[PDB]
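Asks: As they sit in the full assembly, here are the leading chains:
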Amino acid sequence: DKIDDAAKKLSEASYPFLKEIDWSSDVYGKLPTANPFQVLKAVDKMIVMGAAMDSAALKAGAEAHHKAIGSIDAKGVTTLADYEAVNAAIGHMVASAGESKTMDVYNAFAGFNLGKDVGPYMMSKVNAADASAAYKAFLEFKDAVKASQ
C-alpha cells in the first residue's frame, strides 16, 4: 500500500544514518538530562499509544524486529531489506494509533529540550548530512501515515 511504498523510500534515504550509529554503546540506556520520573511521563504516553495500536500491526512490527535481529552485521546493523519491513510495520502501527496519541509522545519528549544537548551530541557522532537526509525522509514518510489516518 502507500505506507509500504513510503517505507521503501524512507528506508533507502535513512539507511546511511542507521549504519553510522554506534549500536554497541551503553549511552542509550539513560537520558542524563532528566530524572527518572520525568522519563516515566514520556514512557506513559508511549504505553498509551501502544495500547491504541491494532494488535495485527503490533504483531507484524514484533515479527519484523525479530527478523531484523537475525540479519545484523558485526556492528549490529540490520539489512536494508529488514529495515524496510520494520519501517513499513511501524508506519502501520502509528497509523492505527492515530494522530493525537502519537503527538502526545512528541509533546512529552518536547519537555526534555533534546535539541539543546542530546540531539546535537547524537548528530555529532554520525554524518550530519546523512542525519539531515533521514529527517527529510521522515517528514515525507509521516505524510503517508497521516494520509492513512
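Replies: Looks like it arrived, so ask away. Numbers count the residues shown, from 1 in each chain, chains lettered A, B, ... in the order given.

Asks: Do you have the strands of chain A handy? List them.
Replies: Along chain A, counting by DSSP state E, no stretch forms strands.

Asks: Check it for its longest helix and report it.
Replies: Longest helix of chain A, by residue count under DSSP state H: helix A:128-148.

Asks: Can you mark which positions in that helix are buried?
Replies: By 16 or more other Cβ atoms under 10 Å, the buried positions in helix A:128-148 come out as A:130, A:131, A:133, A:134, A:137, A:141, A:142, A:144, A:145. Where C-beta positions appear, they are placed from N, C-alpha and C, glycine not excepted.

Asks: ok, of those residues, which one's closest to residue A:107?
Replies: Nearest to residue A:107 among those: residue A:142, at 15.4 Å, using Cβ to Cβ.

Asks: Residue A:108 versus that closest one, what's the distance?
Replies: Residue A:142 sits at a distance of 18 Å from residue A:108 (criterion: Cβ to Cβ, to the nearest Å).

Asks: Same question for residue A:19.
Replies: From residue A:19 across to residue A:108, the span is 29 Å (Cβ to Cβ).

Asks: Could you do residue A:66 as well?
Replies: Relative to residue A:108, residue A:66 is positioned 28 Å away (Cβ to Cβ).

Asks: Give me the more crowded residue out of those two.
Replies: In terms of neighbours (other Cβ atoms under 10 Å), residue A:108 is the more surrounded of residue A:66 and residue A:108; the figures are 19 against 10.

Asks: CA atoms only: put stretch A:28-39 into CSV for me.
Replies: Extracted in CSV, the C-alpha atoms of stretch A:28-39 (Å, rounded to 0.1, in the frame of the first residue of the first chain):
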residue,chain,number,x,y,z
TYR,A,28,21.1,4.9,25.2
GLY,A,29,20.1,3.4,28.5
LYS,A,30,19.9,6.7,30.3
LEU,A,31,18.6,10.2,29.5
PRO,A,32,21.0,12.2,31.8
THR,A,33,19.2,15.5,31.5
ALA,A,34,16.0,14.2,33.1
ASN,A,35,15.2,12.5,36.3
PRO,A,36,13.5,9.0,36.0
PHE,A,37,10.1,10.3,37.0
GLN,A,38,10.3,12.8,34.1
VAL,A,39,11.2,9.9,31.7
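
Asks: onto the same structure, chain B please:
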Amino acid sequence: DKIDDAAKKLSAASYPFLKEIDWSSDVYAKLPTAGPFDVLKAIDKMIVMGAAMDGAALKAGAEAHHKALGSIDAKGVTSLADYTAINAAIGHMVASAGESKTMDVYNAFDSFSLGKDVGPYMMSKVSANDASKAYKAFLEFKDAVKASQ
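Replies: This next block brings in chain B, placed alongside the chains you saw above:
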C-alpha cells in the same frame, strides 16, 4: 478468574519487596555482565513471546501500567490495587503466549548467570526476607498461570 485470584495473593505478598526497590536508580539501564548484542539476543526472545500474546491481553496490560503510573508515590511505588491489576494482566498475557516461548525467555536470561552477581546485588539492597516471600509467591502464582494454558 483463577489468575485474577492468584494475582491478588501474589501482589499482596510481594508488595513489600516492590516497595523496597529503589525505582530512582539508573542501575537497571545496563546489564554489566553481558555485551549489548548478547542482551539483544535475549530481547529477541521477549519480542517473540510478546508477538505470541493475545492482542487484547497485551492491551489490558498496557492500560494497567498506564493507570499504575498515575498512582505512584514520591518514591515511585504504584498502589497495591494497581500492582494487582498489573499482575493479573501479565498473568493472562503469559498464559496466552504459552509455556515454550516463556521458557525460551528464561533460558536466554539463564545464559547470563545472574545468580552469581546481579541477583545477589539486587537482593542486598532490599530485605532478603521480603524478596524470598516475593519469589515463593511467584512460584505459587505461576501454577495458576500454567493451569490456565
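
Asks: circling back to that earlier point, elements contacting the longest helix of chain A?
Replies: Applying 3 or more Cβ pairs under 8 Å, 6 or more residues apart in numbering or on different chains; DSSP states H and E, we find helix A:128-148 packed against helix A:2-20, helix A:80-97.

Asks: Name the residues that touch that helix?
Replies: For helix A:128-148, the surrounding residues in contact (Cβ atoms under 8 Å, 6 or more residues apart in numbering or on different chains) are A:1-3, A:5-7, A:9-10, A:13-14, A:16-18, A:20, A:87, A:91-92, A:94-95, A:99, A:123.

Asks: Next, count neighbours for residue A:105.
Replies: Residues lying near residue A:105 (other Cβ atoms under 10 Å in any protein chain shown) number 20.

Asks: Might you report the residue contacts of the single nearest residue of chain A relative to chain B?
Replies: Nearest to chain B, among the residues of chain A, is residue A:55, at 2.4 Å (Cβ to the nearest Cβ). Shown in contact with residue A:55 (Cβ under 8 Å, 6+ apart): B:54, B:55, B:56, B:58, B:59.

Asks: before we move on, back to that, looking at the helices and strands packed on helix A:128-148, which is buried most?
Replies: Among the helices and strands packed on helix A:128-148, helix A:80-97 has the highest mean neighbour count (mean count of other Cβ atoms under 10 Å in any protein chain shown), at a mean of 21.

Asks: can you give me the angle that one makes with helix A:128-148?
Replies: With axes from the mean of the first three to the mean of the last three Cα atoms, to 10 degrees defining the directions, helix A:80-97 sits at 40 degrees from helix A:128-148.

Asks: near chain B, which residues of chain A?
Replies: Applying Cβ under 8 Å from any Cβ of the partner chain, we find that chain A lies next to chain B at A:23-26, A:29-30, A:35-37, A:40, A:43-44, A:47-48, A:50-51, A:54-56, A:58-59, A:62-63, A:65-66, A:69-70, A:72, A:76.

Asks: Pull out the buried residues from the residues you listed.
Replies: With burial judged by 16 or more other Cβ atoms under 10 Å in any protein chain shown, the buried subset of the residues of chain A next to chain B is A:23, A:36, A:40, A:43-44, A:47-48, A:50-51, A:58-59, A:62-63, A:65-66, A:69, A:76.
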